[PDB]
Every structure is written in C-alpha cells, then in structure tokens.
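K.L.:
So I've got this file, my_file_17.txt, and it contains compact mmCIF, N, CA and C atoms and all ligand atoms:
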```txt
# COMPACT_ATOMS: atom_id res chain seq x y z
N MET A 1 2.71 -7.50 -7.91
CA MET A 1 3.23 -6.17 -7.54
C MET A 1 2.98 -5.93 -6.03
N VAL A 2 1.94 -6.54 -5.50
CA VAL A 2 1.62 -6.37 -4.05
C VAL A 2 1.94 -7.66 -3.29
N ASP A 3 2.65 -8.58 -3.93
CA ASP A 3 2.86 -9.91 -3.31
C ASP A 3 3.62 -9.90 -1.98
N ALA A 4 4.69 -9.14 -1.86
CA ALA A 4 5.45 -9.19 -0.59
C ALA A 4 4.61 -8.73 0.62
N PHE A 5 3.53 -8.00 0.38
CA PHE A 5 2.64 -7.55 1.45
C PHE A 5 1.72 -8.66 1.96
N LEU A 6 1.54 -9.71 1.18
CA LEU A 6 0.52 -10.70 1.51
C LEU A 6 0.93 -11.52 2.72
N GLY A 7 -0.03 -11.88 3.52
CA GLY A 7 0.18 -12.77 4.64
C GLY A 7 -0.41 -12.21 5.92
N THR A 8 0.02 -12.81 7.03
CA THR A 8 -0.46 -12.49 8.36
C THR A 8 0.64 -11.76 9.10
N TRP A 9 0.30 -10.63 9.68
CA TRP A 9 1.23 -9.68 10.29
C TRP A 9 0.78 -9.35 11.70
N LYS A 10 1.73 -9.28 12.62
CA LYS A 10 1.39 -8.98 13.99
C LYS A 10 2.09 -7.72 14.46
N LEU A 11 1.36 -6.89 15.21
CA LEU A 11 1.93 -5.62 15.67
C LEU A 11 3.04 -5.88 16.69
N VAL A 12 4.20 -5.25 16.48
CA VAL A 12 5.34 -5.39 17.39
C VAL A 12 5.91 -4.06 17.85
N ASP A 13 5.41 -2.91 17.36
CA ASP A 13 5.87 -1.61 17.82
C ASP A 13 4.83 -0.58 17.41
N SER A 14 4.63 0.44 18.23
CA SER A 14 3.71 1.52 17.85
C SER A 14 4.21 2.84 18.43
N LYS A 15 4.23 3.86 17.57
CA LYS A 15 4.64 5.20 17.95
C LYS A 15 3.54 6.19 17.54
N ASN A 16 3.08 6.98 18.50
CA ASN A 16 2.16 8.09 18.25
C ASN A 16 0.76 7.67 17.82
N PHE A 17 0.34 6.43 18.13
CA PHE A 17 -1.02 6.05 17.76
C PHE A 17 -2.05 6.87 18.54
N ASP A 18 -1.77 7.19 19.81
CA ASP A 18 -2.71 8.03 20.53
C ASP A 18 -2.88 9.37 19.85
N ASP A 19 -1.78 9.98 19.39
CA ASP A 19 -1.88 11.27 18.70
C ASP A 19 -2.77 11.14 17.48
N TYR A 20 -2.58 10.08 16.71
CA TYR A 20 -3.36 9.87 15.49
C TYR A 20 -4.85 9.70 15.82
N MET A 21 -5.15 8.82 16.78
CA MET A 21 -6.54 8.62 17.18
C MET A 21 -7.17 9.91 17.70
N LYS A 22 -6.42 10.64 18.53
CA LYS A 22 -6.97 11.88 19.10
C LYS A 22 -7.28 12.87 17.99
N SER A 23 -6.41 12.96 16.98
CA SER A 23 -6.63 13.86 15.84
C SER A 23 -7.93 13.54 15.12
N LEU A 24 -8.25 12.24 15.02
CA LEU A 24 -9.48 11.78 14.41
C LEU A 24 -10.70 11.93 15.33
N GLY A 25 -10.53 12.37 16.57
CA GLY A 25 -11.67 12.53 17.46
C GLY A 25 -12.07 11.27 18.19
N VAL A 26 -11.22 10.26 18.23
CA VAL A 26 -11.53 9.05 18.99
C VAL A 26 -11.52 9.39 20.48
N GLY A 27 -12.54 8.91 21.21
CA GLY A 27 -12.67 9.18 22.64
C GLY A 27 -11.63 8.53 23.49
N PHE A 28 -11.43 9.11 24.70
CA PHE A 28 -10.32 8.67 25.53
C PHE A 28 -10.39 7.20 25.89
N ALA A 29 -11.58 6.63 26.15
CA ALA A 29 -11.65 5.25 26.59
C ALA A 29 -11.26 4.32 25.50
N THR A 30 -11.69 4.63 24.25
CA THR A 30 -11.30 3.84 23.10
C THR A 30 -9.81 3.96 22.87
N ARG A 31 -9.24 5.16 23.01
CA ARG A 31 -7.80 5.31 22.83
C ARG A 31 -7.06 4.49 23.87
N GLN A 32 -7.57 4.51 25.07
CA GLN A 32 -6.93 3.78 26.15
C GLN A 32 -6.87 2.28 25.82
N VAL A 33 -7.97 1.62 25.42
CA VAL A 33 -7.94 0.20 25.06
C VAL A 33 -7.07 -0.03 23.84
N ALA A 34 -7.21 0.82 22.82
CA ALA A 34 -6.43 0.66 21.60
C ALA A 34 -4.94 0.74 21.84
N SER A 35 -4.50 1.52 22.81
CA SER A 35 -3.08 1.67 23.09
C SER A 35 -2.45 0.40 23.65
N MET A 36 -3.27 -0.54 24.11
CA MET A 36 -2.81 -1.82 24.67
C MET A 36 -3.16 -3.00 23.76
N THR A 37 -3.82 -2.81 22.62
CA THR A 37 -4.15 -3.90 21.66
C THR A 37 -2.97 -4.05 20.70
N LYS A 38 -2.82 -5.30 20.29
CA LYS A 38 -1.84 -5.66 19.28
C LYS A 38 -2.56 -6.39 18.15
N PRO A 39 -3.05 -5.67 17.17
CA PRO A 39 -3.81 -6.34 16.13
C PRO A 39 -2.96 -7.26 15.26
N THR A 40 -3.69 -8.14 14.61
CA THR A 40 -3.21 -8.97 13.53
C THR A 40 -3.83 -8.45 12.24
N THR A 41 -2.98 -8.17 11.24
CA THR A 41 -3.46 -7.74 9.93
C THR A 41 -3.20 -8.88 8.94
N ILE A 42 -4.22 -9.25 8.20
CA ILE A 42 -4.13 -10.33 7.22
C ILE A 42 -4.44 -9.72 5.86
N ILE A 43 -3.52 -9.87 4.92
CA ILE A 43 -3.68 -9.32 3.58
C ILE A 43 -3.66 -10.50 2.62
N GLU A 44 -4.73 -10.68 1.86
CA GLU A 44 -4.87 -11.79 0.92
C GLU A 44 -5.30 -11.23 -0.42
N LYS A 45 -4.94 -11.92 -1.52
CA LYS A 45 -5.43 -11.53 -2.83
C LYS A 45 -6.04 -12.73 -3.52
N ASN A 46 -7.03 -12.38 -4.34
CA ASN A 46 -7.70 -13.34 -5.24
C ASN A 46 -7.87 -12.58 -6.55
N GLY A 47 -7.00 -12.86 -7.51
CA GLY A 47 -6.98 -12.05 -8.70
C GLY A 47 -6.70 -10.61 -8.35
N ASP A 48 -7.49 -9.71 -8.90
CA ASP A 48 -7.34 -8.29 -8.69
C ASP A 48 -7.96 -7.81 -7.38
N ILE A 49 -8.55 -8.69 -6.59
CA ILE A 49 -9.22 -8.24 -5.36
C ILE A 49 -8.32 -8.55 -4.16
N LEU A 50 -8.03 -7.52 -3.38
CA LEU A 50 -7.33 -7.65 -2.12
C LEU A 50 -8.35 -7.60 -0.98
N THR A 51 -8.11 -8.40 0.04
CA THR A 51 -8.88 -8.34 1.27
C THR A 51 -7.92 -8.12 2.42
N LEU A 52 -8.21 -7.11 3.23
CA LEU A 52 -7.36 -6.71 4.36
C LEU A 52 -8.21 -6.80 5.61
N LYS A 53 -7.86 -7.77 6.46
CA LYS A 53 -8.52 -8.00 7.73
C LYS A 53 -7.66 -7.41 8.84
N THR A 54 -8.28 -6.80 9.84
CA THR A 54 -7.58 -6.37 11.04
C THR A 54 -8.34 -6.94 12.22
N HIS A 55 -7.66 -7.78 13.00
CA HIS A 55 -8.29 -8.54 14.07
C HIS A 55 -7.65 -8.16 15.40
N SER A 56 -8.49 -8.04 16.44
CA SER A 56 -7.94 -7.80 17.76
C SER A 56 -8.95 -8.24 18.79
N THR A 57 -8.52 -8.13 20.07
CA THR A 57 -9.43 -8.33 21.18
C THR A 57 -10.42 -7.24 21.38
N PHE A 58 -10.32 -6.12 20.70
CA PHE A 58 -11.17 -4.97 20.88
C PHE A 58 -12.13 -4.79 19.75
N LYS A 59 -11.63 -4.53 18.57
CA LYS A 59 -12.41 -4.36 17.34
C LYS A 59 -11.80 -5.18 16.23
N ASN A 60 -12.64 -5.51 15.25
CA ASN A 60 -12.24 -6.18 14.04
C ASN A 60 -12.75 -5.38 12.85
N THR A 61 -12.00 -5.37 11.76
CA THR A 61 -12.45 -4.80 10.50
C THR A 61 -12.07 -5.71 9.34
N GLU A 62 -12.75 -5.52 8.22
CA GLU A 62 -12.38 -6.18 6.98
C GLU A 62 -12.80 -5.27 5.82
N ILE A 63 -11.89 -5.11 4.86
CA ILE A 63 -12.19 -4.42 3.62
C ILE A 63 -11.73 -5.28 2.44
N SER A 64 -12.46 -5.17 1.33
CA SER A 64 -12.02 -5.73 0.07
C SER A 64 -12.03 -4.62 -0.99
N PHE A 65 -11.03 -4.65 -1.87
CA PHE A 65 -10.90 -3.60 -2.84
C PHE A 65 -10.06 -4.09 -4.01
N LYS A 66 -10.18 -3.37 -5.12
CA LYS A 66 -9.27 -3.49 -6.26
C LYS A 66 -8.33 -2.30 -6.20
N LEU A 67 -7.02 -2.48 -6.46
CA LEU A 67 -6.14 -1.36 -6.49
C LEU A 67 -6.63 -0.36 -7.52
N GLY A 68 -6.60 0.92 -7.13
CA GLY A 68 -6.92 1.98 -8.05
C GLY A 68 -8.38 2.20 -8.31
N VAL A 69 -9.28 1.57 -7.53
CA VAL A 69 -10.71 1.72 -7.70
C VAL A 69 -11.30 2.15 -6.35
N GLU A 70 -12.00 3.27 -6.34
CA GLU A 70 -12.56 3.78 -5.09
C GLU A 70 -13.58 2.78 -4.52
N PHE A 71 -13.65 2.75 -3.19
CA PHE A 71 -14.61 1.92 -2.47
C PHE A 71 -15.09 2.67 -1.25
N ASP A 72 -16.33 2.35 -0.83
CA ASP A 72 -16.82 2.83 0.45
C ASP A 72 -16.24 2.00 1.58
N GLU A 73 -15.95 2.67 2.70
CA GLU A 73 -15.37 1.99 3.87
C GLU A 73 -15.98 2.63 5.12
N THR A 74 -16.21 1.79 6.12
CA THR A 74 -16.60 2.25 7.46
C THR A 74 -15.48 1.82 8.41
N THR A 75 -14.76 2.81 8.94
CA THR A 75 -13.55 2.52 9.65
C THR A 75 -13.82 1.99 11.07
N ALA A 76 -12.73 1.59 11.75
CA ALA A 76 -12.85 1.03 13.09
C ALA A 76 -13.50 2.00 14.07
N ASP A 77 -13.30 3.30 13.81
CA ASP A 77 -13.85 4.40 14.64
C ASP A 77 -15.15 4.94 14.02
N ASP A 78 -15.75 4.18 13.11
CA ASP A 78 -17.10 4.47 12.55
C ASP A 78 -17.16 5.67 11.60
N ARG A 79 -16.04 6.08 11.03
CA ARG A 79 -16.11 7.08 9.95
C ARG A 79 -16.55 6.39 8.66
N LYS A 80 -17.46 7.03 7.93
CA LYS A 80 -17.88 6.55 6.62
C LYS A 80 -17.10 7.34 5.59
N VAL A 81 -16.18 6.67 4.92
CA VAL A 81 -15.18 7.33 4.09
C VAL A 81 -15.21 6.77 2.67
N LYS A 82 -14.65 7.56 1.75
CA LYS A 82 -14.37 7.15 0.38
C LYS A 82 -12.88 6.81 0.30
N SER A 83 -12.57 5.59 -0.08
CA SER A 83 -11.20 5.08 0.00
C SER A 83 -10.67 4.66 -1.36
N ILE A 84 -9.35 4.73 -1.48
CA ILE A 84 -8.68 4.14 -2.65
C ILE A 84 -7.30 3.68 -2.16
N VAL A 85 -6.88 2.54 -2.69
CA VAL A 85 -5.57 1.97 -2.36
C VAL A 85 -4.81 1.79 -3.69
N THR A 86 -3.54 2.23 -3.63
CA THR A 86 -2.71 2.14 -4.82
C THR A 86 -1.33 1.61 -4.40
N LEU A 87 -0.53 1.24 -5.37
CA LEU A 87 0.91 1.06 -5.18
C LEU A 87 1.63 2.29 -5.71
N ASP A 88 2.50 2.84 -4.88
CA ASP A 88 3.21 4.10 -5.22
C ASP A 88 4.62 3.95 -4.67
N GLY A 89 5.63 3.88 -5.54
CA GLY A 89 6.98 3.70 -5.04
C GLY A 89 7.17 2.39 -4.30
N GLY A 90 6.38 1.39 -4.66
CA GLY A 90 6.44 0.11 -3.97
C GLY A 90 5.70 0.08 -2.63
N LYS A 91 5.09 1.16 -2.25
CA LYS A 91 4.33 1.25 -1.01
C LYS A 91 2.85 1.09 -1.31
N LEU A 92 2.12 0.49 -0.38
CA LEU A 92 0.65 0.37 -0.51
C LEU A 92 0.08 1.63 0.16
N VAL A 93 -0.51 2.52 -0.62
CA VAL A 93 -1.00 3.81 -0.11
C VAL A 93 -2.53 3.77 -0.11
N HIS A 94 -3.10 3.87 1.10
CA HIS A 94 -4.55 3.88 1.30
C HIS A 94 -4.93 5.31 1.72
N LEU A 95 -5.76 5.95 0.89
CA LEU A 95 -6.24 7.30 1.15
C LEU A 95 -7.73 7.21 1.49
N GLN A 96 -8.13 7.81 2.61
CA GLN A 96 -9.52 7.93 3.03
C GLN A 96 -9.93 9.40 3.01
N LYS A 97 -11.14 9.65 2.48
CA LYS A 97 -11.70 11.01 2.36
C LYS A 97 -13.09 11.03 2.98
N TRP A 98 -13.38 12.04 3.79
CA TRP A 98 -14.72 12.20 4.35
C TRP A 98 -14.82 13.64 4.87
N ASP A 99 -15.96 14.27 4.65
CA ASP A 99 -16.20 15.62 5.21
C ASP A 99 -15.09 16.61 4.80
N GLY A 100 -14.49 16.42 3.63
CA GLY A 100 -13.39 17.26 3.21
C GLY A 100 -12.03 16.95 3.86
N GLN A 101 -12.05 16.05 4.84
CA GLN A 101 -10.83 15.59 5.54
C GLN A 101 -10.18 14.45 4.76
N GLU A 102 -8.94 14.22 5.07
CA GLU A 102 -8.21 13.09 4.52
C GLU A 102 -7.31 12.48 5.57
N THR A 103 -7.09 11.17 5.42
CA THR A 103 -6.01 10.51 6.15
C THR A 103 -5.40 9.48 5.23
N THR A 104 -4.09 9.27 5.40
CA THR A 104 -3.37 8.25 4.64
C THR A 104 -2.83 7.17 5.58
N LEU A 105 -2.89 5.95 5.06
CA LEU A 105 -2.37 4.75 5.70
C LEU A 105 -1.39 4.15 4.71
N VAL A 106 -0.10 4.30 4.94
CA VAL A 106 0.93 3.94 3.98
C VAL A 106 1.68 2.73 4.53
N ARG A 107 1.77 1.66 3.76
CA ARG A 107 2.48 0.46 4.17
C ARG A 107 3.69 0.26 3.28
N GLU A 108 4.80 -0.07 3.93
CA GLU A 108 6.04 -0.34 3.18
C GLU A 108 6.83 -1.42 3.90
N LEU A 109 7.56 -2.17 3.11
CA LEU A 109 8.37 -3.26 3.65
C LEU A 109 9.79 -2.78 3.83
N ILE A 110 10.32 -2.95 5.01
CA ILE A 110 11.71 -2.56 5.36
C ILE A 110 12.30 -3.75 6.11
N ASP A 111 13.34 -4.35 5.52
CA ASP A 111 14.03 -5.50 6.16
C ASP A 111 13.02 -6.59 6.56
N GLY A 112 12.02 -6.82 5.71
CA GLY A 112 11.04 -7.89 5.98
C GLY A 112 9.92 -7.53 6.96
N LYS A 113 9.99 -6.34 7.56
CA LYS A 113 8.92 -5.87 8.45
C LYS A 113 8.01 -4.95 7.66
N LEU A 114 6.76 -4.90 8.08
CA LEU A 114 5.83 -4.01 7.43
C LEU A 114 5.70 -2.77 8.33
N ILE A 115 6.01 -1.63 7.73
CA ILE A 115 5.85 -0.36 8.43
C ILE A 115 4.56 0.30 7.94
N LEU A 116 3.64 0.63 8.84
CA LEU A 116 2.41 1.35 8.57
C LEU A 116 2.56 2.76 9.12
N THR A 117 2.45 3.76 8.25
CA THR A 117 2.50 5.16 8.65
C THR A 117 1.11 5.75 8.46
N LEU A 118 0.55 6.27 9.54
CA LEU A 118 -0.79 6.83 9.58
C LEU A 118 -0.67 8.33 9.78
N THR A 119 -1.23 9.14 8.86
CA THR A 119 -1.13 10.59 8.96
C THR A 119 -2.53 11.20 8.92
N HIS A 120 -2.84 12.06 9.88
CA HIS A 120 -4.07 12.86 9.84
C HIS A 120 -3.73 14.18 10.51
N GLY A 121 -4.14 15.28 9.88
CA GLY A 121 -3.75 16.57 10.46
C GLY A 121 -2.23 16.65 10.47
N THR A 122 -1.69 17.01 11.62
CA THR A 122 -0.24 17.01 11.79
C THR A 122 0.27 15.72 12.42
N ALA A 123 -0.62 14.83 12.87
CA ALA A 123 -0.23 13.63 13.59
C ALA A 123 0.30 12.57 12.62
N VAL A 124 1.44 11.99 13.01
CA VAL A 124 2.09 10.94 12.22
C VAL A 124 2.41 9.79 13.18
N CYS A 125 1.78 8.65 12.92
CA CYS A 125 1.96 7.43 13.70
C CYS A 125 2.68 6.40 12.86
N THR A 126 3.60 5.67 13.48
CA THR A 126 4.30 4.59 12.81
C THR A 126 4.12 3.32 13.59
N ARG A 127 3.59 2.30 12.92
CA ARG A 127 3.35 0.99 13.53
C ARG A 127 4.12 -0.04 12.73
N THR A 128 4.75 -0.94 13.45
CA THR A 128 5.57 -1.97 12.82
C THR A 128 4.95 -3.32 13.07
N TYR A 129 4.88 -4.08 11.99
CA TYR A 129 4.30 -5.42 11.98
C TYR A 129 5.36 -6.44 11.54
N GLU A 130 5.35 -7.62 12.16
CA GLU A 130 6.22 -8.73 11.75
C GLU A 130 5.38 -9.88 11.24
N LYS A 131 5.93 -10.56 10.26
CA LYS A 131 5.14 -11.58 9.53
C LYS A 131 5.05 -12.86 10.36
N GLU A 132 3.84 -13.44 10.42
CA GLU A 132 3.55 -14.74 11.09
C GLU A 132 3.76 -15.85 10.04
N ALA A 133 4.42 -16.95 10.43
CA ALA A 133 4.70 -18.08 9.51
C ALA A 133 3.40 -18.80 9.12
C1 LIG A 201 -9.33 -3.21 13.99
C2 LIG A 201 -8.32 -2.96 15.07
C3 LIG A 201 -8.72 -1.76 15.81
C4 LIG A 201 -7.68 -1.20 16.73
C5 LIG A 201 -8.39 -0.01 17.64
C6 LIG A 201 -8.70 1.22 16.94
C7 LIG A 201 -9.55 2.19 17.65
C8 LIG A 201 -10.33 3.13 16.92
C9 LIG A 201 -9.31 3.91 16.13
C10 LIG A 201 -9.52 4.21 14.88
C11 LIG A 201 -8.78 5.06 13.99
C12 LIG A 201 -8.29 4.35 12.76
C13 LIG A 201 -7.18 3.34 13.02
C14 LIG A 201 -6.68 2.57 11.82
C15 LIG A 201 -5.54 1.61 12.13
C16 LIG A 201 -5.94 0.50 13.00
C17 LIG A 201 -4.79 -0.20 13.63
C18 LIG A 201 -3.73 -0.78 12.61
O1 LIG A 201 -4.17 -1.26 11.59
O2 LIG A 201 -2.59 -1.05 13.14
```
Could you render the structure from this file as structure tokens?

P.N.:
Amino acid sequence: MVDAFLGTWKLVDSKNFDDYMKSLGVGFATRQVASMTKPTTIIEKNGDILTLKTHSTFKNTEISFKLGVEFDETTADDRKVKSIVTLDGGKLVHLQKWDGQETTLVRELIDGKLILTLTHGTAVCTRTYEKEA
C-alpha cells in the first residue's frame, strides 16, 4: 500500500519552506542554511516497519515507525513530538503533536514525483522530490 513511496528521493523544488520554518520558531541562521540545502529522503520498509531517512549537508534525521502506531520523534529543529503516520487517500500523512500544537507532513505521488506538503499554523510549504535510480 506504501510501495510507490519507497526509494531514494532528491529535492528539486521548494515553495514557502521559510514560512513553515518561521512558523515553527526556527531561527534565522538555521532558516538561511536550510533554504539552500537539498535533502535526500530515503524511505524503506521491512515488513510493517518503515524507516524514513532525511540526509543533507546540514542536518540528518531518521525515524522508524509502523503505520497507524504512535511513536516518539525528535525533529530536525529539536521538537519532541508525538507522531503517527497513516495512509489516507493514497497519501502518506504524518501528524506531529507537541505542546497542544500540530503540524502535518503529507506526501503524495503526482506524475512519479513525490510532493511533500508541510502545514503549521497558516503556513503551507510544498516541496517536490524526484526519484533517484
Ligand atoms: C534533515 C534535513 C534538514 C533540513 C533543515 C531543516 C531545518 C530545521 C527545520 C525544521 C523544521 C521541520 C522540517 C521538516 C522537513 C525537513 C525537510 C524535508 O524533509 O524536505
């Protein structure tokens, strides 16, 4: 059900990431470096366990989870959140909760590209990834 998402993906477009980061309280210097990074996202599965790596010249993260089962996560910007990832309408929907706040990270495949939509507050960022062979 999550198979088309699997593989190695490289960032090729980003819209409103600064707005999203600023909404989360990320400092200007971090936003500045992040605005010039092009991460690689690697999504792998082993049975019911997905592992999602995000690699860059700036920061790296890795999470492992089962769909539909809450997990603790420490984000790239050091938020300690309660997370859950599901499939909804064919999209991979990652919801993070902390301090009564929420943000969603929604991934969907359009014409073979992976679109990541990040929403926090009123900020909506769209990042496009292309698959590495
Ligand atoms: C791990 C790569 C880090 C990139 C720099 C991020 C700076 C700190 C910002 C944190 C806010 C949360 C961002 C989540 C999305 C990361 C980029 C993406 O996967 O397309």

K.L.:
Compute the set of protein, DNA and RNA residues whose minimum atom distance to ligand LIG 201 (chain A) is at most 7 Å, using only C-alpha atoms and all ligand atoms, and state it as number ranges by chain.

P.N.:
A: 11, 21, 24, 26, 30-31, 34, 37, 39, 41, 54-56, 58-61, 75-77, 127

K.L.:
Report, in Å with one decimal, the straight-line distance from atom CA of residue A:5 to atom C of residue A:118.

P.N.:
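Between atom CA of residue A:5 and atom C of residue A:118 the gap is 18.2 Å.
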
K.L.:
Just checking: using all atoms listed in the file, which residue out of A:129, A:62, A:112, A:45 ends up closest to residue A:14?

P.N.:
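Smallest distance to residue A:14 is found for A:129.
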
K.L.:
Got a sec: who's within 7 Å of residue A:124, counting all atoms listed in the file, leaving out chain neighbours fewer than 6 positions off, as a list in words?

P.N.:
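My list of contacting residues is residues 15, 16, 17, 19, 20, 117 and 118 of chain A.
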
K.L.:
Interatomic distance between atom C of residue A:43 and atom N of residue A:66?

P.N.:
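Straight-line distance from atom C of residue A:43 to atom N of residue A:66 works out to 12.4 Å.
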
K.L.:
Rounded to one decimal, what separation in Å do you get between atom C of residue A:28 and atom CA of residue A:99?

P.N.:
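Here the two named atoms are 23.1 Å from each other.
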
K.L.:
With distances taken over only C-alpha atoms, which of A:57, A:35, A:113, A:27 is nearest to residue A:78?

P.N.:
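So, comparing all the options, the nearest one is A:27.
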
K.L.:
Residues within 8 Å of stretch 105-108 of chain A, please, as a VMD selection string. Count only N, CA and C atoms; anything in the same chain fewer than 5 positions from it doesn't count.

P.N.:
chain A and resid 5 90 to 96 113 to 120

K.L.:
Return the single residue from A:42, A:84, A:125, A:63 that is closest to residue A:8, with distances computed using all atoms listed in the file.

P.N.:
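For residue A:8, the nearest of the given residues is A:42.
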
K.L.:
From a backbone DSSP assignment, name each residue in chain A labelled alpha helix (DSSP H), as a PyMOL selection string.

P.N.:
chain A and resi 17-23+28-34

K.L.:
Those same residues, written as a CSV table (one decimal), in the frame of the given file with N, CA and C atoms?

P.N.:
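Final output, saved to again-v3.csv:
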```csv
chain,number,residue,atom,x,y,z
A,17,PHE,N,0.3,6.4,18.1
A,17,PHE,CA,-1.0,6.0,17.8
A,17,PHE,C,-2.0,6.9,18.5
A,18,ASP,N,-1.8,7.2,19.8
A,18,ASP,CA,-2.7,8.0,20.5
A,18,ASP,C,-2.9,9.4,19.8
A,19,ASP,N,-1.8,10.0,19.4
A,19,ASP,CA,-1.9,11.3,18.7
A,19,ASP,C,-2.8,11.1,17.5
A,20,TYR,N,-2.6,10.1,16.7
A,20,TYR,CA,-3.4,9.9,15.5
A,20,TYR,C,-4.8,9.7,15.8
A,21,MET,N,-5.2,8.8,16.8
A,21,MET,CA,-6.5,8.6,17.2
A,21,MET,C,-7.2,9.9,17.7
A,22,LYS,N,-6.4,10.6,18.5
A,22,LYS,CA,-7.0,11.9,19.1
A,22,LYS,C,-7.3,12.9,18.0
A,23,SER,N,-6.4,13.0,17.0
A,23,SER,CA,-6.6,13.9,15.8
A,23,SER,C,-7.9,13.5,15.1
A,28,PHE,N,-11.4,9.1,24.7
A,28,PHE,CA,-10.3,8.7,25.5
A,28,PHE,C,-10.4,7.2,25.9
A,29,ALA,N,-11.6,6.6,26.2
A,29,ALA,CA,-11.6,5.2,26.6
A,29,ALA,C,-11.3,4.3,25.5
A,30,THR,N,-11.7,4.6,24.2
A,30,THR,CA,-11.3,3.8,23.1
A,30,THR,C,-9.8,4.0,22.9
A,31,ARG,N,-9.2,5.2,23.0
A,31,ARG,CA,-7.8,5.3,22.8
A,31,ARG,C,-7.1,4.5,23.9
A,32,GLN,N,-7.6,4.5,25.1
A,32,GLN,CA,-6.9,3.8,26.2
A,32,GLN,C,-6.9,2.3,25.8
A,33,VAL,N,-8.0,1.6,25.4
A,33,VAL,CA,-7.9,0.2,25.1
A,33,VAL,C,-7.1,0.0,23.8
A,34,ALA,N,-7.2,0.8,22.8
A,34,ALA,CA,-6.4,0.7,21.6
A,34,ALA,C,-4.9,0.7,21.8
```

K.L.:
Find the smallest box with edges along x, y and z containing every listed atom of stretch 27-33 of chain A, then add 8 Å on each side and report centre and edge lengths in Å to one decimal, as lines of an AutoDock Vina configuration file.

P.N.:
```
center_x = -9.8
center_y = 4.6
center_z = 23.9
size_x = 21.8
size_y = 25.2
size_z = 21.4
```

K.L.:
I need the residues in chain A that are strand (DSSP E) according to DSSP; give them as a ChimeraX atom specification.

P.N.:
/A:7-15,40-46,49-55,61-66,71-74,80-88,91-98,101-110,113-120,123-132

K.L.:
Counting all atoms listed in the file, which residues have an atom no more than 5 Å from (3.0, -10.8, 13.2) in the file's coordinates? Please list them as a tab-separated table (two decimals) with N, CA and C atoms, in the frame of the given file.

P.N.:
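File result15.tsv, as written:
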```
chain	number	residue	atom	x	y	z
A	8	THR	N	0.02	-12.81	7.03
A	8	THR	CA	-0.46	-12.49	8.36
A	8	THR	C	0.64	-11.76	9.10
A	9	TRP	N	0.30	-10.63	9.68
A	9	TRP	CA	1.23	-9.68	10.29
A	9	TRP	C	0.78	-9.35	11.70
A	10	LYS	N	1.73	-9.28	12.62
A	10	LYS	CA	1.39	-8.98	13.99
A	10	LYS	C	2.09	-7.72	14.46
A	11	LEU	N	1.36	-6.89	15.21
A	11	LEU	CA	1.93	-5.62	15.67
A	11	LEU	C	3.04	-5.88	16.69
A	130	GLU	N	5.35	-7.62	12.16
A	130	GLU	CA	6.22	-8.73	11.75
A	130	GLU	C	5.38	-9.88	11.24
A	131	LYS	N	5.93	-10.56	10.26
A	131	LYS	CA	5.14	-11.58	9.53
A	131	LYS	C	5.05	-12.86	10.36
A	132	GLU	N	3.84	-13.44	10.42
A	132	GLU	CA	3.55	-14.74	11.09
A	132	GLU	C	3.76	-15.85	10.04
```
